[PDB]
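Data first, discussion second: the structure below is written as structure tokens.
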Amino acid sequence: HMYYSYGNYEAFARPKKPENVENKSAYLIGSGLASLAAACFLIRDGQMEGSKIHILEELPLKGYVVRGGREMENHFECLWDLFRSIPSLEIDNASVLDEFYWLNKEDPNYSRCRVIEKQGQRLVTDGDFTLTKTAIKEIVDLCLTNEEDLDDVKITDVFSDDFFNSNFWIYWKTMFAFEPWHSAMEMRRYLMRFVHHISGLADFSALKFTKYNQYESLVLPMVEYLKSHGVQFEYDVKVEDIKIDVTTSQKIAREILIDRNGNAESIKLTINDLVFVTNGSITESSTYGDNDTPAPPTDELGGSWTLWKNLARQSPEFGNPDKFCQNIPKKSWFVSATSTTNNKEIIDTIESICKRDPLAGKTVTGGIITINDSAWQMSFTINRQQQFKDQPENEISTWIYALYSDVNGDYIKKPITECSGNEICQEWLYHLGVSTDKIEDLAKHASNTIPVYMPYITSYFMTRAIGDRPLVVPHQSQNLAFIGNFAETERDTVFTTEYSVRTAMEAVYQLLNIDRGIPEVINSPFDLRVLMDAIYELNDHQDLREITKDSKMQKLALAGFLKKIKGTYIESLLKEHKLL
Amino acid sequence: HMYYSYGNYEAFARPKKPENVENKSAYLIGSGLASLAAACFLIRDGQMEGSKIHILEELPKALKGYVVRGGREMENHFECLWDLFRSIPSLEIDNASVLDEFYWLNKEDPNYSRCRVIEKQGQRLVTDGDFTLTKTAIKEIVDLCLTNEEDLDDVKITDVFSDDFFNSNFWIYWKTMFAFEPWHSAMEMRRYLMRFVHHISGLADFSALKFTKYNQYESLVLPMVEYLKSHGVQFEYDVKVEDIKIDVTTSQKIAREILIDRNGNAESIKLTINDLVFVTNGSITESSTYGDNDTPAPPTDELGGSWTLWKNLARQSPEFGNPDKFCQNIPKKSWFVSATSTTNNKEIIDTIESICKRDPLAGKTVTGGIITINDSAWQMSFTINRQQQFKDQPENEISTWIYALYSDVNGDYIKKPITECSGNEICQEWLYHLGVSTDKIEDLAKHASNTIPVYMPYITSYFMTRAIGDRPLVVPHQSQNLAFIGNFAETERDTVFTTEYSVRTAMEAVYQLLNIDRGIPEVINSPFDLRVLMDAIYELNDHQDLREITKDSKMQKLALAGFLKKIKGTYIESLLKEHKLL
Ligand SMILES: CCCCC/C=C/C/C=C/CCCCCCCC(=O)O
Ligand SMILES: CCCCC/C=C/C/C=C\CCCCCCCC(=O)O
């Protein structure tokens, strides 16, 4: 009930108003980005009446909290389709895309220091991938494995020592938060999804960022758009179950069972009432500490995981939530912290490493800096400052995360899950090279650090088999869709904002049978030019002669290849992409 | 001063207002789509004041003998054209763009042909739909694509193909849908092969073609003119540009004066570096003549204002191109004549229905593109678009467009070259090849139809053999305020004789001269796309998998065996199976 496309014809074309939409309604479970994106497509392309769109939100502090997962790139094809239509709240007569596009041209993101070690020194080989030929072959062999052969396969099952010792793996695992036991299938999707940006892996020159935090820069513009169209925001609503009738030819959602401000209630559905479920949540059951208190660890399942489990009982086609929310290793990333300071000693120390003034209002770290020799495997980033419109102009907020949660720190000799905000700050300042006799005062009195414990922050990447995620529109579903980063669609990568928008758009287009193409995941792994660039970059900027110089059966296979293509367009292409 | 891009980010983003545009002006010289498109980009993306945009036009302000023009087929990957026409309001549908109107129409009534080639006075070619290329012919196709464009200066199509290829159905479809002659530019042939490779599965049945509701004037020009007029653009008529005085120094090229005749008075428009000049150099319609039902269109070799202007620019720098490669030494065999035959006669209309399998008066697709008469001495093809192609035409009428690739060869029924033929004589030759009884053809053409022939001396000129440098760059090296646009300007990869090329060069000219900070969409990346190339191998070999393709080649069979052993477990094998190559 959809088709994929690419190019300007389908991008700029508008769909006809879908048939009979005047008699349809929609319920969106939650107010995360996928739900809001789906509501926007229901308004813009479905032409559904705003009064018939209901966003059901469950909800009705000692410091600023920043989040991750909002790096963008140019080829977020669905996200830019959406946000060209959302008015900016910052610039008159401009969209969110316009604001974003102009900002990232005036102040393009890049890193001047990507990896540090030995308490604040730059890694000597920063910029190189240091991949052996064995490690490169493992990357290629993974990509040439069919996704259907990677059910439950770990990253450690498909790579060996050379790869795990490479700079490539340092950049990769920290920038995307891959753990060694995570899904090889998802790593494969990432390798092919972003291959056009391999020349920007080490310096983050392909990353693009909104001016402010994602709530300010993406959520509030969508909320204003939706409210201007009459969309209903309903608060204090907890969805406990959805009764679905699963017959031989149809799946139809019949009833949403809720608690509305303490009262058990029922929303009766017909086939003409659409339901969009964001199944699962990486932020559910988050806990918070403060400068003096750790965020208390938890394993609680909240409303989102409970709902997906209740749906999973009703059809095997609705997925297997326990693959994602159970058996999460205790080494996994759980804790992040936001450290806020106006202290000049800290800010100057950061400037000495990242080479830019953190208070200037432009790019600061350009993305995460990784402390390669930290026991916690800690990275931190400082976006353009300030990330909050109410924050004082003399303050920065730094985001810190640790890939390993059950390992004693190098300065604070405790696992991060036992650490207060100030203790996490102290470990960080130690790795910046702050003199050890100043660290305690700078962390406790000059900084305010809020730790957050997220039981499910690694859940998107857990090892999975085909079938564990429901299709966006399960087979024969008439009025039920699954959206967000635990729903299934081809090729695209989870833990990205694009995946939220793509699943939303595919859900709305399929359920309403909207007659317009959905942009395919960008065709870069099929593009011979992109692939030539990848060969050059993966081999740390060697041409084919240097690549093959130490292999008899390559050096002669290349000599015979070059003789056949000499003076041809193939040779000119290879010279253009630096392989000859 | 420009960059190429693709994808939705650059598609949907708007450029900042370019620097100092409030102090700039523009002059557009040369009629046609490219000038109008450049004016539209100046308004929309340049944000130039309409009062400062001057469209200079030589003409004065403006069973019938309708005249249609052929070959204005569009496709989905006209990337620049759709960027433009999403911004042009439709004149037919409220609160919709030209793109919207076009998109919905071609979804409701998708174009395709149920009969592409006929022979023996109205019978369908038995192999219609197949390419019938030998392995040798396919190798010649591949070898041309693998030739660097730099090595194809002045090379003819007959220099790079031999007998098998010219005997193929592929060449029938190709030469007639694009109007290639055997002596034409192999360079341009190569560009077409690479440019449209994503549509190879639609070559024979025209399923990739898309058409506007009406003729190009009604459906593209009038919407653009209304857009420009609503923005205050200056349309200046009775202006003939004789020359542009250009300073070509060691460091800059700067247009200094436009020398014109304005309504009979000699005038000079003085230019500063801030006054931009856009020249559509050369013209395929210049010097056209018209006949009628009883009169041939008189042949001519006259050069008019467009070719004379380009000659006057070329003598100021070789970087401004070489018009004589395109407007001189055109072989007398070349296509010159087209005709539009209008009728309400039911016998003719029913004969067309019996061949194309669709009711010509229903308002939908009729022939789905040209039908080629493969055994006609004139190498004639004809098309009937959705009818009627004119808003005010009676609903019981059709207008058929007819052209002949060979102009100096006697016809099969009217035993004269087409250049000696009246409208009714061209109609008679056409009706003969439809299979209408020879006892009926003369009166059907003379008294039941009205056919208007047109003789265009330069209609094949885009494709004349050329060398790199014969076309000026859109913005020549060091040009400050002078651009060349249209289908005799030079830009990478794209194909001339397309409306897309007119819009692309217009966009590139405006973006470079104003330094507009937004990407221009690259020519679509299909020749680099492994999925597209897999499909091309399958289609070029008339739907054979790799085993069948290589079965009679020892070297190829052996290479394939080793490849298959390496890829058997793998994603490469699944991809090849998906594209029917295994
Ligand atoms: C053949 C495979 C070779 C390997 C190709 C790998 C490329 C990796 C490129 C990384 C640059 C970052 C791209 C932007 C990512 C945004 C989403 C996110 O940051 O979450
Ligand atoms: C290298 C493989 C050979 C490629 C063969 C491909 C042929 C393309 C077939 C059909 C093209 C249809 C759309 C083109 C419309 C452009 C306008 C015009 O027609 O003016």
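By convention in this document, the chains of the structure tokens carry letters A, B, ... by their order, each chain's residues are numbered from 1, and ligands are numbered from 1 in the order they are shown.
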
Any chance you could list, as an mmCIF file with N, CA, C and O atoms, in the first residue's frame, the residues in range 15-115 of chain A that come up alpha helix (DSSP H) when DSSP is run on the backbone?
```
data_model
loop_
_atom_site.group_PDB
_atom_site.id
_atom_site.type_symbol
_atom_site.label_atom_id
_atom_site.label_comp_id
_atom_site.auth_asym_id
_atom_site.auth_seq_id
_atom_site.Cartn_x
_atom_site.Cartn_y
_atom_site.Cartn_z
ATOM 1 N N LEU A 33 8.720 11.726 19.064
ATOM 2 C CA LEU A 33 8.846 12.340 17.746
ATOM 3 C C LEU A 33 8.082 11.565 16.673
ATOM 4 O O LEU A 33 7.527 12.168 15.745
ATOM 5 N N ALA A 34 8.068 10.231 16.746
ATOM 6 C CA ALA A 34 7.354 9.477 15.713
ATOM 7 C C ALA A 34 5.854 9.792 15.724
ATOM 8 O O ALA A 34 5.233 9.956 14.657
ATOM 9 N N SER A 35 5.253 9.871 16.914
ATOM 10 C CA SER A 35 3.832 10.191 17.010
ATOM 11 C C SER A 35 3.536 11.572 16.447
ATOM 12 O O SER A 35 2.566 11.760 15.702
ATOM 13 N N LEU A 36 4.335 12.573 16.832
ATOM 14 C CA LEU A 36 4.100 13.916 16.312
ATOM 15 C C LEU A 36 4.317 13.970 14.805
ATOM 16 O O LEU A 36 3.580 14.668 14.097
ATOM 17 N N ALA A 37 5.335 13.258 14.295
ATOM 18 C CA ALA A 37 5.546 13.208 12.850
ATOM 19 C C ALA A 37 4.346 12.590 12.139
ATOM 20 O O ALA A 37 3.902 13.098 11.106
ATOM 21 N N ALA A 38 3.789 11.512 12.699
ATOM 22 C CA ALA A 38 2.627 10.881 12.075
ATOM 23 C C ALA A 38 1.434 11.825 12.072
ATOM 24 O O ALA A 38 0.721 11.928 11.070
ATOM 25 N N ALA A 39 1.204 12.532 13.183
ATOM 26 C CA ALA A 39 0.124 13.515 13.197
ATOM 27 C C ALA A 39 0.330 14.586 12.126
ATOM 28 O O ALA A 39 -0.633 15.011 11.478
ATOM 29 N N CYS A 40 1.574 15.045 11.933
ATOM 30 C CA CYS A 40 1.836 16.047 10.900
ATOM 31 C C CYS A 40 1.526 15.505 9.511
ATOM 32 O O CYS A 40 0.950 16.213 8.677
ATOM 33 N N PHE A 41 1.935 14.267 9.219
ATOM 34 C CA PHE A 41 1.604 13.719 7.905
ATOM 35 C C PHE A 41 0.100 13.505 7.758
ATOM 36 O O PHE A 41 -0.429 13.652 6.654
ATOM 37 N N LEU A 42 -0.598 13.145 8.841
ATOM 38 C CA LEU A 42 -2.056 13.010 8.756
ATOM 39 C C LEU A 42 -2.704 14.337 8.373
ATOM 40 O O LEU A 42 -3.653 14.364 7.576
ATOM 41 N N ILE A 43 -2.191 15.449 8.915
ATOM 42 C CA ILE A 43 -2.716 16.765 8.554
ATOM 43 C C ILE A 43 -2.350 17.121 7.114
ATOM 44 O O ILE A 43 -3.207 17.489 6.303
ATOM 45 N N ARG A 44 -1.057 17.063 6.791
ATOM 46 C CA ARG A 44 -0.568 17.652 5.553
ATOM 47 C C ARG A 44 -0.960 16.823 4.338
ATOM 48 O O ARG A 44 -1.412 17.363 3.319
ATOM 49 N N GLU A 77 16.139 11.689 4.414
ATOM 50 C CA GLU A 77 15.229 12.071 3.328
ATOM 51 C C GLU A 77 13.810 12.327 3.819
ATOM 52 O O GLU A 77 13.166 13.285 3.376
ATOM 53 N N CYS A 78 13.290 11.476 4.716
ATOM 54 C CA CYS A 78 11.913 11.666 5.174
ATOM 55 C C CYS A 78 11.818 12.833 6.140
ATOM 56 O O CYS A 78 10.829 13.581 6.129
ATOM 57 N N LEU A 79 12.824 12.975 7.011
ATOM 58 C CA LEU A 79 12.792 14.057 7.980
ATOM 59 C C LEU A 79 12.772 15.408 7.286
ATOM 60 O O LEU A 79 12.061 16.322 7.722
ATOM 61 N N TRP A 80 13.531 15.564 6.192
ATOM 62 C CA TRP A 80 13.499 16.867 5.537
ATOM 63 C C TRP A 80 12.220 17.063 4.743
ATOM 64 O O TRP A 80 11.768 18.202 4.608
ATOM 65 N N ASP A 81 11.604 15.975 4.240
ATOM 66 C CA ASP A 81 10.270 16.093 3.652
ATOM 67 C C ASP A 81 9.291 16.663 4.678
ATOM 68 O O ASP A 81 8.499 17.560 4.372
ATOM 69 N N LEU A 82 9.382 16.208 5.924
ATOM 70 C CA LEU A 82 8.490 16.723 6.955
ATOM 71 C C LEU A 82 8.822 18.165 7.310
ATOM 72 O O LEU A 82 7.942 19.036 7.294
ATOM 73 N N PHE A 83 10.087 18.449 7.637
ATOM 74 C CA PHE A 83 10.334 19.730 8.284
ATOM 75 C C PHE A 83 10.413 20.907 7.316
ATOM 76 O O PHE A 83 10.400 22.051 7.775
ATOM 77 N N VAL A 96 11.401 25.043 9.467
ATOM 78 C CA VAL A 96 12.447 24.432 10.294
ATOM 79 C C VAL A 96 13.631 24.002 9.434
ATOM 80 O O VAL A 96 14.795 24.182 9.820
ATOM 81 N N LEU A 97 13.366 23.456 8.239
ATOM 82 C CA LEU A 97 14.470 23.081 7.359
ATOM 83 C C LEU A 97 15.293 24.307 6.975
ATOM 84 O O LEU A 97 16.524 24.270 7.006
ATOM 85 N N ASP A 98 14.620 25.404 6.601
ATOM 86 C CA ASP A 98 15.347 26.610 6.208
ATOM 87 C C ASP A 98 16.266 27.064 7.326
ATOM 88 O O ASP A 98 17.455 27.334 7.108
ATOM 89 N N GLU A 99 15.713 27.180 8.532
ATOM 90 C CA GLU A 99 16.509 27.618 9.678
ATOM 91 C C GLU A 99 17.743 26.736 9.850
ATOM 92 O O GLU A 99 18.868 27.224 10.045
ATOM 93 N N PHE A 100 17.532 25.422 9.778
ATOM 94 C CA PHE A 100 18.585 24.428 9.970
ATOM 95 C C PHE A 100 19.630 24.496 8.856
ATOM 96 O O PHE A 100 20.840 24.446 9.117
ATOM 97 N N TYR A 101 19.163 24.614 7.611
ATOM 98 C CA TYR A 101 20.029 24.651 6.439
ATOM 99 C C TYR A 101 20.956 25.861 6.479
ATOM 100 O O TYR A 101 22.179 25.744 6.292
ATOM 101 N N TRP A 102 20.389 27.031 6.761
ATOM 102 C CA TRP A 102 21.189 28.248 6.817
ATOM 103 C C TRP A 102 22.176 28.192 7.969
ATOM 104 O O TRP A 102 23.336 28.545 7.792
ATOM 105 N N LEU A 103 21.743 27.716 9.138
ATOM 106 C CA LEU A 103 22.645 27.673 10.290
ATOM 107 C C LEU A 103 23.847 26.774 10.023
ATOM 108 O O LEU A 103 24.994 27.119 10.365
ATOM 109 N N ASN A 104 23.614 25.603 9.439
ATOM 110 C CA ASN A 104 24.712 24.674 9.255
ATOM 111 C C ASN A 104 25.605 25.046 8.073
ATOM 112 O O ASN A 104 26.707 24.498 7.959
ATOM 113 N N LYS A 105 25.175 25.984 7.220
ATOM 114 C CA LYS A 105 26.101 26.576 6.261
ATOM 115 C C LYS A 105 26.896 27.723 6.884
ATOM 116 O O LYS A 105 28.070 27.907 6.546
ATOM 117 N N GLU A 106 26.281 28.522 7.772
ATOM 118 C CA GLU A 106 27.039 29.606 8.409
ATOM 119 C C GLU A 106 28.065 29.094 9.401
ATOM 120 O O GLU A 106 29.125 29.721 9.573
#
```

Members of range 423-480 of chain B assigned strand (DSSP E) by DSSP, as a ChimeraX atom specification
/B:449-455

Keeping N, CA, C and O atoms for every residue in the selection just given, could you write it to a file as a short mmCIF file (atom, residue, chain, number, x, y, z; two decimals), in the first residue's frame?
```
data_model
loop_
_atom_site.label_atom_id
_atom_site.label_comp_id
_atom_site.auth_asym_id
_atom_site.auth_seq_id
_atom_site.Cartn_x
_atom_site.Cartn_y
_atom_site.Cartn_z
N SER B 449 -9.70 16.05 -44.47
CA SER B 449 -8.62 16.39 -43.55
C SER B 449 -8.01 17.74 -43.92
O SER B 449 -8.13 18.21 -45.05
N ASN B 450 -7.32 18.35 -42.95
CA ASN B 450 -6.52 19.54 -43.20
C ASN B 450 -5.15 19.29 -42.60
O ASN B 450 -5.03 19.07 -41.39
N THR B 451 -4.11 19.33 -43.43
CA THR B 451 -2.76 19.01 -42.98
C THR B 451 -1.83 20.19 -43.27
O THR B 451 -1.76 20.66 -44.41
N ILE B 452 -1.12 20.65 -42.24
CA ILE B 452 -0.23 21.81 -42.33
C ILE B 452 1.21 21.30 -42.24
O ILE B 452 1.62 20.82 -41.17
N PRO B 453 2.01 21.44 -43.29
CA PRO B 453 3.42 21.06 -43.21
C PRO B 453 4.27 22.25 -42.79
O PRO B 453 3.95 23.41 -43.05
N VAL B 454 5.38 21.94 -42.11
CA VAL B 454 6.34 22.95 -41.68
C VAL B 454 7.72 22.47 -42.09
O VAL B 454 8.05 21.30 -41.92
N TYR B 455 8.51 23.38 -42.66
CA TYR B 455 9.90 23.09 -43.03
C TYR B 455 10.79 23.84 -42.06
O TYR B 455 10.74 25.07 -41.98
#
```

Please tabulate, as a Markdown table, the residues of chain A that come within 6 Å of ligand 1, each with its closest pair of atoms and the distance in Å to one decimal, counting only C-alpha atoms and all ligand atoms and ordering rows by chain, then residue number upward.
```
| residue | atom | partner | partner_atom_place_in_ligand_line | distance |
| --- | --- | --- | --- | --- |
| A:71 | CA | ligand 1 | 19 (O) | 5.0 |
| A:72 | CA | ligand 1 | 16 (C) | 4.9 |
| A:73 | CA | ligand 1 | 14 (C) | 5.1 |
| A:140 | CA | ligand 1 | 1 (C) | 5.9 |
| A:176 | CA | ligand 1 | 20 (O) | 5.6 |
| A:191 | CA | ligand 1 | 5 (C) | 4.6 |
| A:192 | CA | ligand 1 | 2 (C) | 5.5 |
| A:194 | CA | ligand 1 | 7 (C) | 4.7 |
| A:195 | CA | ligand 1 | 5 (C) | 3.7 |
| A:197 | CA | ligand 1 | 9 (C) | 4.5 |
| A:198 | CA | ligand 1 | 7 (C) | 4.0 |
| A:200 | CA | ligand 1 | 11 (C) | 5.2 |
| A:201 | CA | ligand 1 | 11 (C) | 4.2 |
| A:206 | CA | ligand 1 | 13 (C) | 5.6 |
| A:207 | CA | ligand 1 | 14 (C) | 5.5 |
| A:496 | CA | ligand 1 | 20 (O) | 5.2 |
| A:534 | CA | ligand 1 | 3 (C) | 5.8 |
```

Write the selection just made, keeping N, CA and C atoms, as an mmCIF file, in the first residue's frame?
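Written file, selection.cif:
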```cif
data_model
loop_
_atom_site.group_PDB
_atom_site.id
_atom_site.type_symbol
_atom_site.label_atom_id
_atom_site.label_comp_id
_atom_site.auth_asym_id
_atom_site.auth_seq_id
_atom_site.Cartn_x
_atom_site.Cartn_y
_atom_site.Cartn_z
ATOM 1 N N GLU A 71 22.043 13.950 16.244
ATOM 2 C CA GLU A 71 22.876 14.250 15.078
ATOM 3 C C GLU A 71 22.058 14.002 13.821
ATOM 4 N N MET A 72 22.102 14.934 12.867
ATOM 5 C CA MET A 72 21.409 14.756 11.596
ATOM 6 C C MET A 72 22.414 14.763 10.457
ATOM 7 N N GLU A 73 21.965 14.350 9.277
ATOM 8 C CA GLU A 73 22.780 14.485 8.078
ATOM 9 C C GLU A 73 21.885 14.914 6.931
ATOM 10 N N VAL A 140 33.748 -5.754 4.601
ATOM 11 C CA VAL A 140 33.107 -6.059 3.325
ATOM 12 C C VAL A 140 32.307 -7.350 3.423
ATOM 13 N N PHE A 176 28.119 5.994 17.669
ATOM 14 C CA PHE A 176 26.811 5.372 17.513
ATOM 15 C C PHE A 176 26.348 4.627 18.754
ATOM 16 N N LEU A 191 26.653 0.463 8.272
ATOM 17 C CA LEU A 191 27.758 0.517 7.321
ATOM 18 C C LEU A 191 27.265 0.908 5.937
ATOM 19 N N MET A 192 26.180 0.283 5.477
ATOM 20 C CA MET A 192 25.679 0.621 4.148
ATOM 21 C C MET A 192 24.879 1.911 4.128
ATOM 22 N N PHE A 194 25.330 4.789 5.743
ATOM 23 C CA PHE A 194 26.078 6.035 5.841
ATOM 24 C C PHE A 194 27.387 5.996 5.067
ATOM 25 N N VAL A 195 27.526 5.050 4.127
ATOM 26 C CA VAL A 195 28.783 4.884 3.391
ATOM 27 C C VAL A 195 29.169 6.143 2.621
ATOM 28 N N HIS A 197 29.286 9.013 3.736
ATOM 29 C CA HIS A 197 29.938 9.943 4.655
ATOM 30 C C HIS A 197 31.193 9.360 5.291
ATOM 31 N N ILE A 198 31.785 8.331 4.683
ATOM 32 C CA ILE A 198 32.950 7.705 5.310
ATOM 33 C C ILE A 198 34.105 8.689 5.450
ATOM 34 N N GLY A 200 33.893 11.610 6.347
ATOM 35 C CA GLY A 200 33.610 12.422 7.510
ATOM 36 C C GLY A 200 33.492 11.652 8.802
ATOM 37 N N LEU A 201 33.844 10.364 8.825
ATOM 38 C CA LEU A 201 33.695 9.599 10.059
ATOM 39 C C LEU A 201 34.573 10.183 11.152
ATOM 40 N N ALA A 206 30.271 15.511 8.402
ATOM 41 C CA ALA A 206 28.952 15.280 7.836
ATOM 42 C C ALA A 206 27.818 15.531 8.821
ATOM 43 N N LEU A 207 28.112 15.773 10.099
ATOM 44 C CA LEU A 207 27.046 15.971 11.073
ATOM 45 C C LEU A 207 26.460 17.371 10.949
ATOM 46 N N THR A 496 18.072 6.711 15.089
ATOM 47 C CA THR A 496 18.156 7.950 14.318
ATOM 48 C C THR A 496 16.791 8.623 14.277
ATOM 49 N N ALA A 534 34.667 4.868 -0.891
ATOM 50 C CA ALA A 534 34.794 4.034 0.299
ATOM 51 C C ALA A 534 36.061 3.191 0.252
#
```

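For the residues B:471, B:61, B:24, B:210, ranking by smallest atom-to-atom distance to ligand 2 using only C-alpha atoms and all ligand atoms places B:210 first.
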
Point out the residue among B:107, B:52, B:311, B:190 with the least atom-to-atom distance to ligand 2, counting only C-alpha atoms and all ligand atoms.
B:190

Residues within 6 Å of ligand 2 should be enumerated using only C-alpha atoms and all ligand atoms and returned as a VMD selection string.
chain B and resid 71 73 to 75 178 193 to 194 196 to 197 199 to 200 202 to 203 208 to 209 497 to 498 536

With a distance threshold of 6 Å and counting only C-alpha atoms, extract the residues of chain A near chain B and express them as a count of residues only.
15

Record the distance separating CA of residue 50 in chain B and CA of residue 214 in chain B, expressed in Å with one decimal.
28.1 Å

Kindly give the distance, in Å, that separates CA of residue 500 in chain A and CA of residue 477 in chain A, rounded to a single decimal.
20.0 Å

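Remark: for residue 543 in chain A, the closest of the candidate residues A:577, A:324, A:563, A:449 is A:577 (distances computed over only C-alpha atoms).
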
Using only C-alpha atoms, determine which residues lie at most 12 Å from residue 66 in chain B, disregarding the query and same-chain residues fewer than 5 positions distant; provide the list as a tab-separated table (two decimals) with N, CA and C atoms, in the first residue's frame.
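In the end it all went to result.tsv:
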```
chain	number	residue	atom	x	y	z
B	215	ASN	N	-0.83	21.25	-25.60
B	215	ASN	CA	0.42	21.65	-26.23
B	215	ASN	C	1.27	22.48	-25.27
B	290	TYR	N	5.98	27.56	-43.59
B	290	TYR	CA	4.74	26.82	-43.47
B	290	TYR	C	4.09	26.68	-44.83
B	292	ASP	N	0.38	24.56	-46.62
B	292	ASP	CA	-0.99	24.29	-46.22
B	292	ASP	C	-1.45	23.01	-46.91
B	293	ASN	N	-2.76	22.76	-46.89
B	293	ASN	CA	-3.23	21.49	-47.41
B	293	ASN	C	-2.84	21.30	-48.87
B	339	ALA	N	4.42	17.59	-40.10
B	339	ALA	CA	3.09	17.99	-40.53
B	339	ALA	C	2.11	17.67	-39.42
B	340	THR	N	1.08	18.51	-39.29
B	340	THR	CA	-0.03	18.27	-38.38
B	340	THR	C	-1.29	18.04	-39.20
B	341	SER	N	-1.87	16.86	-39.09
B	341	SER	CA	-3.02	16.49	-39.89
B	341	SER	C	-4.24	16.43	-38.98
B	342	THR	N	-5.22	17.29	-39.24
B	342	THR	CA	-6.42	17.38	-38.42
B	342	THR	C	-7.62	16.83	-39.16
B	343	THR	N	-8.41	15.99	-38.49
B	343	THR	CA	-9.59	15.41	-39.13
B	343	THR	C	-10.67	15.11	-38.11
B	388	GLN	N	-8.35	16.67	-27.09
B	388	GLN	CA	-7.65	17.52	-28.05
B	388	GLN	C	-6.46	18.21	-27.38
B	389	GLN	N	-5.45	18.56	-28.17
B	389	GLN	CA	-4.26	19.21	-27.64
B	389	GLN	C	-4.41	20.73	-27.58
B	390	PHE	N	-5.56	21.25	-28.02
B	390	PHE	CA	-5.89	22.67	-27.99
B	390	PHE	C	-7.21	22.84	-27.26
B	391	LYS	N	-7.26	23.81	-26.34
B	391	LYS	CA	-8.46	23.99	-25.53
B	391	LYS	C	-9.71	24.21	-26.38
B	392	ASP	N	-9.60	25.00	-27.45
B	392	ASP	CA	-10.77	25.42	-28.21
B	392	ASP	C	-11.05	24.54	-29.42
B	393	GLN	N	-10.36	23.42	-29.56
B	393	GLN	CA	-10.58	22.53	-30.69
B	393	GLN	C	-11.88	21.74	-30.51
B	394	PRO	N	-12.66	21.53	-31.58
B	394	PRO	CA	-13.88	20.72	-31.45
B	394	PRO	C	-13.58	19.31	-30.94
B	397	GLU	N	-12.63	16.10	-33.17
B	397	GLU	CA	-11.45	16.21	-34.04
B	397	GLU	C	-10.22	15.60	-33.38
B	398	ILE	N	-9.33	15.08	-34.20
B	398	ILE	CA	-7.99	14.74	-33.73
B	398	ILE	C	-6.99	15.51	-34.57
B	399	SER	N	-5.82	15.75	-34.00
B	399	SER	CA	-4.69	16.30	-34.74
B	399	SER	C	-3.52	15.35	-34.58
B	400	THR	N	-3.02	14.83	-35.69
B	400	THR	CA	-1.93	13.86	-35.74
B	400	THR	C	-0.65	14.58	-36.13
B	401	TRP	N	0.44	14.30	-35.41
B	401	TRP	CA	1.75	14.85	-35.76
B	401	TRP	C	2.57	13.81	-36.52
B	449	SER	N	-9.70	16.05	-44.47
B	449	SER	CA	-8.62	16.39	-43.55
B	449	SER	C	-8.01	17.74	-43.92
B	450	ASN	N	-7.32	18.35	-42.95
B	450	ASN	CA	-6.52	19.54	-43.20
B	450	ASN	C	-5.15	19.29	-42.60
B	451	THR	N	-4.11	19.33	-43.43
B	451	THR	CA	-2.76	19.01	-42.98
B	451	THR	C	-1.83	20.19	-43.27
B	452	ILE	N	-1.12	20.65	-42.24
B	452	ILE	CA	-0.23	21.81	-42.33
B	452	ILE	C	1.21	21.30	-42.24
B	453	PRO	N	2.01	21.44	-43.29
B	453	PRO	CA	3.42	21.06	-43.21
B	453	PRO	C	4.27	22.25	-42.79
B	454	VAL	N	5.38	21.94	-42.11
B	454	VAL	CA	6.34	22.95	-41.68
B	454	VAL	C	7.72	22.47	-42.09
```

Find the residues around residue 168 in chain B up to 7 Å (only C-alpha atoms counted), leave out those fewer than 6 positions away in its own chain, and share them as a short mmCIF file (atom, residue, chain, number, x, y, z; two decimals) with N, CA, C and O atoms, in the first residue's frame.
```cif
data_model
loop_
_atom_site.label_atom_id
_atom_site.label_comp_id
_atom_site.auth_asym_id
_atom_site.auth_seq_id
_atom_site.Cartn_x
_atom_site.Cartn_y
_atom_site.Cartn_z
N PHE B 131 14.40 -5.94 -28.49
CA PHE B 131 15.48 -5.11 -29.01
C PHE B 131 16.22 -5.76 -30.17
O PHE B 131 16.82 -5.05 -30.99
N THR B 132 16.22 -7.10 -30.22
CA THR B 132 16.94 -7.92 -31.21
C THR B 132 18.35 -7.41 -31.49
O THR B 132 18.78 -7.25 -32.63
N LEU B 133 19.11 -7.20 -30.41
CA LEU B 133 20.51 -6.85 -30.49
C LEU B 133 21.36 -8.11 -30.41
O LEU B 133 21.18 -8.94 -29.51
#
```
